[PDB]
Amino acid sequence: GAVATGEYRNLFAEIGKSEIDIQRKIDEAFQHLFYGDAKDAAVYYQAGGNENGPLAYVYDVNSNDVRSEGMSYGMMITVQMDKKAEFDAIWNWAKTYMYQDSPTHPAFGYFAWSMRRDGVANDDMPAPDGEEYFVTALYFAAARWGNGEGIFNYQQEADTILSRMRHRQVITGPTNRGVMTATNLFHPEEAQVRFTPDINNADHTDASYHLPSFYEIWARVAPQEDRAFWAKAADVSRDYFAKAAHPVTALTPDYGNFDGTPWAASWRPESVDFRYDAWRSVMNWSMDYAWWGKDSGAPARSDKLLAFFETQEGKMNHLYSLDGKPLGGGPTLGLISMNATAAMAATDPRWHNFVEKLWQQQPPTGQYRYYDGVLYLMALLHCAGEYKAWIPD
């Protein structure tokens, strides 16, 4: 695995791109998304400052709301790119405005998934993959930059936040969506991340939230009492992908049950199909394989997914039934980007075409640029060999 060798694959270089052009590709994506035209290109907004220094956020320019996932991806992008100032700015806004610190609030320990730009939460419940990226990005920040104090003691923040994700108790109380009751963020027996800690729908999961590549970091650096749990979670997720991905196409559903079957949410019964969440599943298992080499099924699964998408050339949708029936939409940058990351595990040389397809893209503009853009930039960093495990002491 790349973590053991320290050798991360530069998939763009393997398909013949020069390092100067690769660096320019990443630099342009970053510059557009972080510092581009405010109305058409950027998803990053500099939001003044407080006692911790500058504040900033990544936001969904469509809904005009700050999303915890985007904040956490922003932090991951910025630590990977050695952009401490931007990382610290994003973290400051997340921890200041999004994180619930009241021990009697049902969202205690969690970051609000959807928040208005004035700091008013739309929903105090978390999108758990946000928490997962926050913690991991914080450990990586500790490793790259060392720990500061207060909110910038990155390692202490990660440790506390991660411990609470596991050990959170059931709490009931008022929220911006009315009185709610919520629980921990990982099932204590199944060792799987929940789709939601809201007690009314807590016993479900989402394949795109399974991040064994990160659980392996936590198994090494978390509070000692929880390391065996995170190691279990890593193993569980590898089996989960094996069960949850369709055996022919390797498409996963947006939401799922702990046993691997698709789950139809009452408010979104189309969650049983391959849609916006499920685009990311392949990145998760491919990253895990590339880093750790433990998921012996990941190469075949990546190969299956790429073989499926090769059948869609010139008619690619972005919504699919798990057996591969198109359910609408056209190609999206986000899905192109995630498919390219399958090349971190794929063996069949058709992966070259998917990495070339990513190379041919450009930074997104317009109303849907947030989700496309954060996925694009993460995909560029993975495919350039620039998305690494930065394991702290």
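Residues carry their position along the shown sequence, with the first being 1.
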(request) Name the higher of the two by mean Cα B-factor in the PDB entry, 323-331 versus 50-58. (result) 323-331
(request) Averaging only over Cα atoms, indicate whether 283-291 or 95-103 has the higher B-factor in the PDB entry. (result) 95-103
(request) For the C-alpha B-factor as written in the entry, point me to the maximum among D254, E313, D88, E132. (result) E313
(message) Using only the C-alpha B-factors in the record, can you name which of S213, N200, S208, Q192 has the highest?
(response) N200
(request) Grab the CA temperature factor for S63 from the record and place it in the lowest, middle or highest third of its chain. (result) highest
(request) Determine, from the deposited record, the chain-internal third of the Cα B-factor for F108: lowest, middle or highest. (result) middle
(message) Quick check for you: using the entry's CA B-factors within this chain, is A234 in the lowest, middle or highest third?
(response) lowest
(request) Grab the CA temperature factor for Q367 from the record and place it in the lowest, middle or highest third of its chain. (result) highest
(message) Please place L377 in the lowest, middle or highest third of its chain according to the CA B-factor in the PDB entry.
(response) middle
